[PDB]
file work39.cif (mmCIF, C-alpha atoms)
data_protein
#
loop_
_atom_site.group_PDB
_atom_site.id
_atom_site.type_symbol
_atom_site.label_atom_id
_atom_site.label_comp_id
_atom_site.auth_asym_id
_atom_site.auth_seq_id
_atom_site.Cartn_x
_atom_site.Cartn_y
_atom_site.Cartn_z
ATOM 1 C CA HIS N 70 121.854 82.185 93.823
ATOM 2 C CA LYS N 71 122.264 83.850 90.418
ATOM 3 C CA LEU N 72 118.737 84.406 89.039
ATOM 4 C CA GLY N 73 119.853 86.834 86.355
ATOM 5 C CA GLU N 74 118.698 90.388 85.844
ATOM 6 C CA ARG N 75 115.763 91.820 87.796
ATOM 7 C CA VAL N 76 113.341 93.284 85.234
ATOM 8 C CA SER N 77 111.463 96.425 86.288
ATOM 9 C CA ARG N 78 107.700 96.814 86.361
ATOM 10 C CA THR N 79 108.221 99.780 84.047
ATOM 11 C CA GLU N 80 110.010 97.749 81.399
ATOM 12 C CA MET N 81 107.659 94.781 81.525
ATOM 13 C CA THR N 82 104.490 96.896 81.328
ATOM 14 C CA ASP N 83 105.501 97.825 77.774
ATOM 15 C CA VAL N 84 105.727 94.179 76.611
ATOM 16 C CA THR N 85 102.748 92.919 74.626
ATOM 17 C CA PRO N 86 101.657 89.645 76.292
ATOM 18 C CA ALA N 87 101.751 86.449 74.266
ATOM 19 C CA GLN N 88 98.711 84.585 73.040
ATOM 20 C CA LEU N 89 98.037 82.087 75.814
ATOM 21 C CA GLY N 90 98.044 79.160 73.374
ATOM 22 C CA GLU N 91 101.527 80.109 72.224
ATOM 23 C CA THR N 92 103.220 79.857 75.618
ATOM 24 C CA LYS N 93 105.600 77.370 77.258
ATOM 25 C CA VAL N 94 105.145 77.750 81.046
ATOM 26 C CA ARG N 95 106.590 75.623 83.856
ATOM 27 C CA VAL N 96 105.111 76.043 87.351
ATOM 28 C CA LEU N 97 107.777 75.400 90.003
ATOM 29 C CA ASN N 98 106.966 74.849 93.677
ATOM 30 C CA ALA N 99 109.136 76.878 96.044
ATOM 31 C CA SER N 100 106.283 77.298 98.531
ATOM 32 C CA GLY N 101 106.357 74.122 100.574
ATOM 33 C CA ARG N 102 102.635 73.583 99.920
ATOM 34 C CA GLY N 103 102.129 70.119 98.485
ATOM 35 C CA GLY N 104 100.509 69.955 95.071
ATOM 36 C CA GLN N 105 100.450 73.731 94.656
ATOM 37 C CA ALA N 106 102.402 73.786 91.395
ATOM 38 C CA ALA N 107 100.059 71.186 89.900
ATOM 39 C CA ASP N 108 97.025 73.182 91.079
ATOM 40 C CA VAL N 109 98.319 76.407 89.535
ATOM 41 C CA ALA N 110 99.381 74.680 86.301
ATOM 42 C CA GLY N 111 95.814 73.364 86.026
ATOM 43 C CA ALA N 112 94.381 76.822 86.723
ATOM 44 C CA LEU N 113 96.581 78.283 83.957
ATOM 45 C CA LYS N 114 95.441 75.567 81.549
ATOM 46 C CA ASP N 115 91.825 76.429 82.381
ATOM 47 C CA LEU N 116 92.521 80.073 81.423
ATOM 48 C CA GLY N 117 93.824 79.014 78.024
ATOM 49 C CA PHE N 118 97.590 78.644 78.564
ATOM 50 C CA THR N 119 99.083 75.694 76.722
ATOM 51 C CA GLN N 120 99.217 72.987 79.372
ATOM 52 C CA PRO N 121 101.929 74.094 81.807
ATOM 53 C CA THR N 122 104.243 71.660 83.510
ATOM 54 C CA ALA N 123 104.507 71.337 87.295
ATOM 55 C CA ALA N 124 107.530 70.424 89.383
ATOM 56 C CA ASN N 125 109.709 71.490 92.298
ATOM 57 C CA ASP N 126 112.004 74.512 91.988
ATOM 58 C CA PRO N 127 115.689 73.447 92.079
ATOM 59 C CA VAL N 128 116.945 76.974 92.835
ATOM 60 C CA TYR N 129 115.135 77.387 96.168
ATOM 61 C CA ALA N 130 115.295 73.667 96.938
ATOM 62 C CA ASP N 131 116.780 74.029 100.435
ATOM 63 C CA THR N 132 115.085 77.271 101.526
ATOM 64 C CA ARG N 133 111.583 78.218 100.494
ATOM 65 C CA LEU N 134 111.085 81.435 98.544
ATOM 66 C CA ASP N 135 109.632 83.920 101.038
ATOM 67 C CA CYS N 136 107.412 86.096 98.832
ATOM 68 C CA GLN N 137 104.639 85.602 96.263
ATOM 69 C CA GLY N 138 107.097 84.139 93.769
ATOM 70 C CA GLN N 139 109.128 84.799 90.640
ATOM 71 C CA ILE N 140 108.731 84.719 86.882
ATOM 72 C CA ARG N 141 111.973 83.576 85.234
ATOM 73 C CA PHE N 142 112.523 83.876 81.488
ATOM 74 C CA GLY N 143 114.921 84.728 78.715
ATOM 75 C CA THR N 144 114.523 87.456 76.148
ATOM 76 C CA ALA N 145 112.739 85.109 73.723
ATOM 77 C CA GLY N 146 110.174 84.363 76.403
ATOM 78 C CA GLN N 147 109.408 87.904 77.497
ATOM 79 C CA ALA N 148 105.921 88.020 75.937
ATOM 80 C CA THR N 149 105.006 84.778 77.671
ATOM 81 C CA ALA N 150 106.315 86.190 80.923
ATOM 82 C CA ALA N 151 104.144 89.279 80.370
ATOM 83 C CA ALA N 152 101.104 87.018 79.976
ATOM 84 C CA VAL N 153 101.935 85.093 83.165
ATOM 85 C CA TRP N 154 102.504 88.389 84.991
ATOM 86 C CA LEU N 155 98.877 89.377 84.353
ATOM 87 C CA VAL N 156 97.671 86.531 86.575
ATOM 88 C CA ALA N 157 100.665 86.526 88.980
ATOM 89 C CA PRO N 158 101.159 90.292 89.220
ATOM 90 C CA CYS N 159 102.977 90.411 92.567
ATOM 91 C CA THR N 160 105.839 88.126 91.558
ATOM 92 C CA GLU N 161 109.396 89.352 90.891
ATOM 93 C CA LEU N 162 110.620 89.260 87.272
ATOM 94 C CA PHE N 163 114.043 87.820 86.343
ATOM 95 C CA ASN N 164 115.683 87.488 82.934
ATOM 96 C CA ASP N 165 118.014 84.561 83.552
ATOM 97 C CA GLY N 166 119.557 84.587 80.102
ATOM 98 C CA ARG N 167 118.088 81.316 78.872
ATOM 99 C CA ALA N 168 118.128 80.866 75.101
ATOM 100 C CA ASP N 169 114.659 79.349 74.595
ATOM 101 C CA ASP N 170 111.175 80.787 75.032
ATOM 102 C CA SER N 171 110.186 78.850 78.147
ATOM 103 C CA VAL N 172 109.062 80.680 81.264
ATOM 104 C CA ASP N 173 109.086 79.484 84.886
ATOM 105 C CA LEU N 174 106.350 80.671 87.282
ATOM 106 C CA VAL N 175 107.926 80.014 90.691
ATOM 107 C CA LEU N 176 105.456 79.859 93.581
ATOM 108 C CA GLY N 177 106.721 81.299 96.831
ATOM 109 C CA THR N 178 105.452 80.612 100.336
ATOM 110 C CA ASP N 179 103.008 83.515 100.083
ATOM 111 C CA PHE N 180 101.345 82.580 96.793
ATOM 112 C CA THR N 181 97.657 81.720 97.150
ATOM 113 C CA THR N 182 95.734 81.894 93.842
ATOM 114 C CA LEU N 183 96.053 83.409 90.391
ATOM 115 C CA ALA N 184 94.741 86.953 90.153
ATOM 116 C CA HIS N 185 91.515 87.725 88.361
ATOM 117 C CA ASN N 186 89.263 90.733 87.979
ATOM 118 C CA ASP N 187 87.377 92.452 85.175
ATOM 119 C CA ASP N 188 90.513 94.181 83.859
ATOM 120 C CA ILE N 189 92.654 91.023 83.823
ATOM 121 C CA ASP N 190 89.809 89.042 82.261
ATOM 122 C CA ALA N 191 89.442 91.675 79.537
ATOM 123 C CA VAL N 192 93.134 91.480 78.684
ATOM 124 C CA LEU N 193 93.170 87.651 78.752
ATOM 125 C CA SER N 194 90.247 87.575 76.289
ATOM 126 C CA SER N 195 92.486 89.412 73.762
ATOM 127 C CA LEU N 196 95.078 86.622 74.151
ATOM 128 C CA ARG N 197 92.729 83.814 73.114
ATOM 129 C CA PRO N 198 91.443 82.769 69.659
ATOM 130 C CA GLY N 199 88.661 84.926 68.298
ATOM 131 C CA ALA N 200 89.945 88.003 70.145
ATOM 132 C CA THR N 201 87.814 91.005 69.200
ATOM 133 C CA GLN N 202 90.549 93.575 69.915
ATOM 134 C CA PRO N 203 94.308 93.703 70.567
ATOM 135 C CA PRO N 204 95.412 93.606 74.219
ATOM 136 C CA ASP N 205 94.415 96.928 75.730
ATOM 137 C CA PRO N 206 97.620 98.743 76.762
ATOM 138 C CA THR N 207 95.782 101.049 79.180
ATOM 139 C CA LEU N 208 94.385 98.105 81.124
ATOM 140 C CA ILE N 209 97.756 96.362 81.116
ATOM 141 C CA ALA N 210 99.381 99.503 82.479
ATOM 142 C CA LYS N 211 96.619 99.898 85.081
ATOM 143 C CA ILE N 212 96.912 96.311 86.317
ATOM 144 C CA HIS N 213 100.619 96.621 86.955
ATOM 145 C CA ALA N 214 100.610 100.189 88.231
ATOM 146 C CA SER N 215 97.953 99.517 90.847
ATOM 147 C CA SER N 216 98.894 96.102 92.241
ATOM 148 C CA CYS N 217 100.742 94.739 95.266
#
call {"tool": "encode", "arguments": {"input": "work39.cif", "output": "structure tokens"}}
result
Amino acid sequence: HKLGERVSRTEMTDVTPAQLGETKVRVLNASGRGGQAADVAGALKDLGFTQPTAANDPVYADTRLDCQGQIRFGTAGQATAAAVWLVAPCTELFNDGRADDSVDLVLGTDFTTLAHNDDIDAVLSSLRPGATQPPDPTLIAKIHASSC
């Protein structure tokens, strides 16, 4: 239905991602694959995200979401959404106008695993305690300009 405003790759590439331990992520299953939200929430926790929650998506409850998925957030949560987008780079971004800083990672039918490579890993290291350098904007731009 109404998911809010589609946010462009161009706009989100300029957002500095949140520290992973300062995020509030919910993983929502819209894929039809049992246990997938719990699996991905655990994988996010292993990367350093504050323990995400895992549940079913109420929006696409009656039809599965036929793509990689979505990241849904409000303006207060945009840096968290930018952090999630590093590891789910082929999802669609929606600002749904919520007033808090929570972010929903919605798994579609096509989602398989979180993304990882040397560039993503380099950026994620800057979002953990003891980061040696601030998140590298060139790598962030490269990840999102070259994906999907």
call {"tool": "closest_residue", "arguments": {"input": "work39.cif", "among": "N:171, N:195, N:186, N:139", "to": "residue 85 of chain N", "atoms": "all atoms listed in the file"}}
result
N:195
call {"tool": "resolve_selection", "arguments": {"input": "work39.cif", "expression": "the PyMOL selection byres ((chain N and resi 116) around 12)", "output": "mmCIF file with C-alpha atoms, in the coordinates of the input"}}
result
data_model
loop_
_atom_site.group_PDB
_atom_site.id
_atom_site.type_symbol
_atom_site.label_atom_id
_atom_site.label_comp_id
_atom_site.auth_asym_id
_atom_site.auth_seq_id
_atom_site.Cartn_x
_atom_site.Cartn_y
_atom_site.Cartn_z
ATOM 1 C CA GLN N 88 98.711 84.585 73.040
ATOM 2 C CA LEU N 89 98.037 82.087 75.814
ATOM 3 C CA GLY N 90 98.044 79.160 73.374
ATOM 4 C CA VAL N 109 98.319 76.407 89.535
ATOM 5 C CA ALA N 110 99.381 74.680 86.301
ATOM 6 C CA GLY N 111 95.814 73.364 86.026
ATOM 7 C CA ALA N 112 94.381 76.822 86.723
ATOM 8 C CA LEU N 113 96.581 78.283 83.957
ATOM 9 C CA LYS N 114 95.441 75.567 81.549
ATOM 10 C CA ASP N 115 91.825 76.429 82.381
ATOM 11 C CA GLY N 117 93.824 79.014 78.024
ATOM 12 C CA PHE N 118 97.590 78.644 78.564
ATOM 13 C CA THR N 119 99.083 75.694 76.722
ATOM 14 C CA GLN N 120 99.217 72.987 79.372
ATOM 15 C CA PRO N 121 101.929 74.094 81.807
ATOM 16 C CA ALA N 152 101.104 87.018 79.976
ATOM 17 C CA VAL N 153 101.935 85.093 83.165
ATOM 18 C CA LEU N 155 98.877 89.377 84.353
ATOM 19 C CA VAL N 156 97.671 86.531 86.575
ATOM 20 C CA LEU N 183 96.053 83.409 90.391
ATOM 21 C CA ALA N 184 94.741 86.953 90.153
ATOM 22 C CA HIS N 185 91.515 87.725 88.361
ATOM 23 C CA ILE N 189 92.654 91.023 83.823
ATOM 24 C CA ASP N 190 89.809 89.042 82.261
ATOM 25 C CA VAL N 192 93.134 91.480 78.684
ATOM 26 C CA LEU N 193 93.170 87.651 78.752
ATOM 27 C CA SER N 194 90.247 87.575 76.289
ATOM 28 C CA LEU N 196 95.078 86.622 74.151
ATOM 29 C CA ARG N 197 92.729 83.814 73.114
#
call {"tool": "closest_residue", "arguments": {"input": "work39.cif", "among": "N:79, N:207, N:178, N:122", "to": "residue 101 of chain N", "atoms": "all atoms listed in the file"}}
result
N:178
call {"tool": "resolve_selection", "arguments": {"input": "work39.cif", "expression": "the PyMOL selection byres ((chain N and resi 73) around 10)", "output": "PDB file with C-alpha atoms, keeping the file's coordinate frame"}}
result
ATOM      1  CA  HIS N  70     121.854  82.185  93.823  1.00  0.00           C
ATOM      2  CA  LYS N  71     122.264  83.850  90.418  1.00  0.00           C
ATOM      3  CA  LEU N  72     118.737  84.406  89.039  1.00  0.00           C
ATOM      4  CA  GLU N  74     118.698  90.388  85.844  1.00  0.00           C
ATOM      5  CA  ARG N  75     115.763  91.820  87.796  1.00  0.00           C
ATOM      6  CA  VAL N  76     113.341  93.284  85.234  1.00  0.00           C
ATOM      7  CA  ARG N 141     111.973  83.576  85.234  1.00  0.00           C
ATOM      8  CA  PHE N 142     112.523  83.876  81.488  1.00  0.00           C
ATOM      9  CA  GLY N 143     114.921  84.728  78.715  1.00  0.00           C
ATOM     10  CA  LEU N 162     110.620  89.260  87.272  1.00  0.00           C
ATOM     11  CA  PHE N 163     114.043  87.820  86.343  1.00  0.00           C
ATOM     12  CA  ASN N 164     115.683  87.488  82.934  1.00  0.00           C
ATOM     13  CA  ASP N 165     118.014  84.561  83.552  1.00  0.00           C
ATOM     14  CA  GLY N 166     119.557  84.587  80.102  1.00  0.00           C
ATOM     15  CA  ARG N 167     118.088  81.316  78.872  1.00  0.00           C
TER      16      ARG N 167
END
call {"tool": "residues_around", "arguments": {"input": "work39.cif", "residues": "residue 170 of chain N", "least_positions_apart": "4", "cutoff": "7 Å", "atoms": "only C-alpha atoms", "output": "number ranges by chain"}}
result
N: 93, 143, 145-146
call {"tool": "write_last_selection", "arguments": {"input": "work39.cif", "atoms": "C-alpha atoms", "output": "compact mmCIF listing (two decimals), in the frame of the given file"}}
result
# COMPACT_ATOMS: atom_id res chain seq x y z
CA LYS N 93 105.60 77.37 77.26
CA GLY N 143 114.92 84.73 78.72
CA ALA N 145 112.74 85.11 73.72
CA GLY N 146 110.17 84.36 76.40
call {"tool": "residues_around", "arguments": {"input": "work39.cif", "residues": "residue 191 of chain N", "least_positions_apart": "6", "cutoff": "9 Å", "atoms": "only C-alpha atoms", "output": "ChimeraX atom specification"}}
result
/N:204-205,208
call {"tool": "atom_distance", "arguments": {"input": "work39.cif", "atom1": "atom CA of residue 181 of chain N", "atom2": "atom CA of residue 80 of chain N"}}
result
25.6 Å
call {"tool": "residues_around", "arguments": {"input": "work39.cif", "residues": "residue 127 of chain N", "least_positions_apart": "2", "cutoff": "10 Å", "atoms": "only C-alpha atoms", "output": "ChimeraX atom specification"}}
result
/N:97-99,124-125,129-131
call {"tool": "closest_residue", "arguments": {"input": "work39.cif", "among": "N:134, N:157, N:140, N:151", "to": "residue 95 of chain N", "atoms": "all atoms listed in the file"}}
result
N:140
call {"tool": "atom_distance", "arguments": {"input": "work39.cif", "atom1": "atom CA of residue 209 of chain N", "atom2": "atom CA of residue 147 of chain N"}}
result
14.8 Å
call {"tool": "residues_near_point", "arguments": {"input": "work39.cif", "point": "(98.0, 99.6, 88.1)", "cutoff": "12 Å", "atoms": "only C-alpha atoms", "output": "list in words"}}
result
residues 78, 79, 82, 155, 158, 159, 188, 189, 206, 207, 208, 209, 210, 211, 212, 213, 214, 215, 216 and 217 of chain N
call {"tool": "residues_around", "arguments": {"input": "work39.cif", "residues": "residue 136 of chain N", "least_positions_apart": "4", "cutoff": "9 Å", "atoms": "all atoms listed in the file", "output": "ChimeraX atom specification"}}
result
/N:100,159-161,176-180
call {"tool": "closest_residue", "arguments": {"input": "work39.cif", "among": "N:202, N:187, N:148, N:172", "to": "residue 81 of chain N", "atoms": "only C-alpha atoms"}}
result
N:148
call {"tool": "atom_distance", "arguments": {"input": "work39.cif", "atom1": "atom CA of residue 173 of chain N", "atom2": "atom CA of residue 102 of chain N"}}
result
17.4 Å
call {"tool": "closest_residue", "arguments": {"input": "work39.cif", "among": "N:175, N:150, N:96, N:168", "to": "residue 133 of chain N", "atoms": "all atoms listed in the file"}}
result
N:175
call {"tool": "axis_aligned_box", "arguments": {"input": "work39.cif", "around": "segment 71-86 of chain N", "padding_each_side": "8 Å", "output": "lines of an AutoDock Vina configuration file"}}
result
center_x = 112.0
center_y = 91.8
center_z = 82.5
size_x = 36.6
size_y = 31.9
size_z = 31.8
call {"tool": "build_atoms", "arguments": {"input": "work39.cif", "residues": "segment 182-207 of chain N", "atoms": "N, CA, C and O atoms", "output": "PDB file, in the frame of the given file"}}
result
ATOM      1  N   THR N 182      96.430  82.210  95.075  1.00  0.00           N
ATOM      2  CA  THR N 182      95.734  81.894  93.842  1.00  0.00           C
ATOM      3  C   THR N 182      96.163  82.864  92.742  1.00  0.00           C
ATOM      4  O   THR N 182      96.738  83.925  93.005  1.00  0.00           O
ATOM      5  N   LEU N 183      95.908  82.472  91.497  1.00  0.00           N
ATOM      6  CA  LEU N 183      96.053  83.409  90.391  1.00  0.00           C
ATOM      7  C   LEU N 183      95.112  84.600  90.578  1.00  0.00           C
ATOM      8  O   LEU N 183      94.031  84.490  91.172  1.00  0.00           O
ATOM      9  N   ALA N 184      95.542  85.745  90.069  1.00  0.00           N
ATOM     10  CA  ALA N 184      94.741  86.953  90.153  1.00  0.00           C
ATOM     11  C   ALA N 184      93.700  86.968  89.054  1.00  0.00           C
ATOM     12  O   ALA N 184      93.943  86.502  87.938  1.00  0.00           O
ATOM     13  N   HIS N 185      92.539  87.531  89.375  1.00  0.00           N
ATOM     14  CA  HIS N 185      91.515  87.725  88.361  1.00  0.00           C
ATOM     15  C   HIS N 185      90.611  88.871  88.779  1.00  0.00           C
ATOM     16  O   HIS N 185      90.309  89.054  89.966  1.00  0.00           O
ATOM     17  N   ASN N 186      90.196  89.637  87.790  1.00  0.00           N
ATOM     18  CA  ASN N 186      89.263  90.733  87.979  1.00  0.00           C
ATOM     19  C   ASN N 186      88.795  91.103  86.579  1.00  0.00           C
ATOM     20  O   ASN N 186      89.213  90.482  85.603  1.00  0.00           O
ATOM     21  N   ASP N 187      87.916  92.102  86.485  1.00  0.00           N
ATOM     22  CA  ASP N 187      87.377  92.452  85.175  1.00  0.00           C
ATOM     23  C   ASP N 187      88.479  92.928  84.230  1.00  0.00           C
ATOM     24  O   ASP N 187      88.461  92.609  83.034  1.00  0.00           O
ATOM     25  N   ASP N 188      89.444  93.694  84.734  1.00  0.00           N
ATOM     26  CA  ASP N 188      90.513  94.181  83.859  1.00  0.00           C
ATOM     27  C   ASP N 188      91.375  93.025  83.343  1.00  0.00           C
ATOM     28  O   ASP N 188      91.677  92.942  82.142  1.00  0.00           O
ATOM     29  N   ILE N 189      91.838  92.151  84.246  1.00  0.00           N
ATOM     30  CA  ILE N 189      92.654  91.023  83.823  1.00  0.00           C
ATOM     31  C   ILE N 189      91.880  90.160  82.837  1.00  0.00           C
ATOM     32  O   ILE N 189      92.405  89.742  81.802  1.00  0.00           O
ATOM     33  N   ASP N 190      90.607  89.888  83.138  1.00  0.00           N
ATOM     34  CA  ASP N 190      89.809  89.042  82.261  1.00  0.00           C
ATOM     35  C   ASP N 190      89.667  89.664  80.883  1.00  0.00           C
ATOM     36  O   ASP N 190      89.705  88.952  79.874  1.00  0.00           O
ATOM     37  N   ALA N 191      89.505  90.992  80.824  1.00  0.00           N
ATOM     38  CA  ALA N 191      89.442  91.675  79.537  1.00  0.00           C
ATOM     39  C   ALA N 191      90.726  91.482  78.753  1.00  0.00           C
ATOM     40  O   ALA N 191      90.699  91.166  77.555  1.00  0.00           O
ATOM     41  N   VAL N 192      91.876  91.667  79.403  1.00  0.00           N
ATOM     42  CA  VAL N 192      93.134  91.480  78.684  1.00  0.00           C
ATOM     43  C   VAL N 192      93.280  90.023  78.235  1.00  0.00           C
ATOM     44  O   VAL N 192      93.664  89.750  77.088  1.00  0.00           O
ATOM     45  N   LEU N 193      93.010  89.066  79.130  1.00  0.00           N
ATOM     46  CA  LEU N 193      93.170  87.651  78.752  1.00  0.00           C
ATOM     47  C   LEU N 193      92.300  87.287  77.548  1.00  0.00           C
ATOM     48  O   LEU N 193      92.720  86.506  76.697  1.00  0.00           O
ATOM     49  N   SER N 194      91.100  87.864  77.445  1.00  0.00           N
ATOM     50  CA  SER N 194      90.247  87.575  76.289  1.00  0.00           C
ATOM     51  C   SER N 194      90.913  87.967  74.964  1.00  0.00           C
ATOM     52  O   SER N 194      90.662  87.322  73.933  1.00  0.00           O
ATOM     53  N   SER N 195      91.752  89.008  74.961  1.00  0.00           N
ATOM     54  CA  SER N 195      92.486  89.412  73.762  1.00  0.00           C
ATOM     55  C   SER N 195      93.659  88.507  73.440  1.00  0.00           C
ATOM     56  O   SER N 195      94.299  88.700  72.396  1.00  0.00           O
ATOM     57  N   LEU N 196      93.969  87.550  74.317  1.00  0.00           N
ATOM     58  CA  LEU N 196      95.078  86.622  74.151  1.00  0.00           C
ATOM     59  C   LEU N 196      94.576  85.218  73.843  1.00  0.00           C
ATOM     60  O   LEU N 196      95.329  84.245  73.946  1.00  0.00           O
ATOM     61  N   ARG N 197      93.310  85.095  73.445  1.00  0.00           N
ATOM     62  CA  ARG N 197      92.729  83.814  73.114  1.00  0.00           C
ATOM     63  C   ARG N 197      92.286  83.876  71.659  1.00  0.00           C
ATOM     64  O   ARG N 197      92.241  84.969  71.088  1.00  0.00           O
ATOM     65  N   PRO N 198      91.997  82.740  71.024  1.00  0.00           N
ATOM     66  CA  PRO N 198      91.443  82.769  69.659  1.00  0.00           C
ATOM     67  C   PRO N 198      90.112  83.510  69.593  1.00  0.00           C
ATOM     68  O   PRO N 198      89.337  83.545  70.552  1.00  0.00           O
ATOM     69  N   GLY N 199      89.861  84.127  68.442  1.00  0.00           N
ATOM     70  CA  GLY N 199      88.661  84.926  68.298  1.00  0.00           C
ATOM     71  C   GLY N 199      88.664  86.218  69.087  1.00  0.00           C
ATOM     72  O   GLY N 199      87.591  86.757  69.379  1.00  0.00           O
ATOM     73  N   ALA N 200      89.845  86.729  69.444  1.00  0.00           N
ATOM     74  CA  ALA N 200      89.945  88.003  70.145  1.00  0.00           C
ATOM     75  C   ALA N 200      89.356  89.129  69.304  1.00  0.00           C
ATOM     76  O   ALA N 200      89.724  89.304  68.139  1.00  0.00           O
ATOM     77  N   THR N 201      88.463  89.911  69.915  1.00  0.00           N
ATOM     78  CA  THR N 201      87.814  91.005  69.200  1.00  0.00           C
ATOM     79  C   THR N 201      88.728  92.218  69.045  1.00  0.00           C
ATOM     80  O   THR N 201      88.542  93.013  68.118  1.00  0.00           O
ATOM     81  N   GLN N 202      89.718  92.379  69.916  1.00  0.00           N
ATOM     82  CA  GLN N 202      90.549  93.575  69.915  1.00  0.00           C
ATOM     83  C   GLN N 202      91.939  93.198  70.400  1.00  0.00           C
ATOM     84  O   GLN N 202      92.114  92.157  71.042  1.00  0.00           O
ATOM     85  N   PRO N 203      92.960  93.996  70.080  1.00  0.00           N
ATOM     86  CA  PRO N 203      94.308  93.703  70.567  1.00  0.00           C
ATOM     87  C   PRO N 203      94.399  93.996  72.052  1.00  0.00           C
ATOM     88  O   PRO N 203      93.571  94.759  72.578  1.00  0.00           O
ATOM     89  N   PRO N 204      95.371  93.418  72.767  1.00  0.00           N
ATOM     90  CA  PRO N 204      95.412  93.606  74.219  1.00  0.00           C
ATOM     91  C   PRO N 204      95.485  95.084  74.553  1.00  0.00           C
ATOM     92  O   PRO N 204      96.273  95.832  73.972  1.00  0.00           O
ATOM     93  N   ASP N 205      94.602  95.508  75.441  1.00  0.00           N
ATOM     94  CA  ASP N 205      94.415  96.928  75.730  1.00  0.00           C
ATOM     95  C   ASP N 205      95.590  97.433  76.560  1.00  0.00           C
ATOM     96  O   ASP N 205      95.737  97.051  77.723  1.00  0.00           O
ATOM     97  N   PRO N 206      96.438  98.301  76.009  1.00  0.00           N
ATOM     98  CA  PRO N 206      97.620  98.743  76.762  1.00  0.00           C
ATOM     99  C   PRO N 206      97.290  99.566  77.992  1.00  0.00           C
ATOM    100  O   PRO N 206      98.071  99.549  78.952  1.00  0.00           O
ATOM    101  N   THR N 207      96.174 100.298  77.989  1.00  0.00           N
ATOM    102  CA  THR N 207      95.782 101.049  79.180  1.00  0.00           C
ATOM    103  C   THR N 207      95.427 100.127  80.337  1.00  0.00           C
ATOM    104  O   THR N 207      95.750 100.420  81.495  1.00  0.00           O
TER     105      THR N 207
END
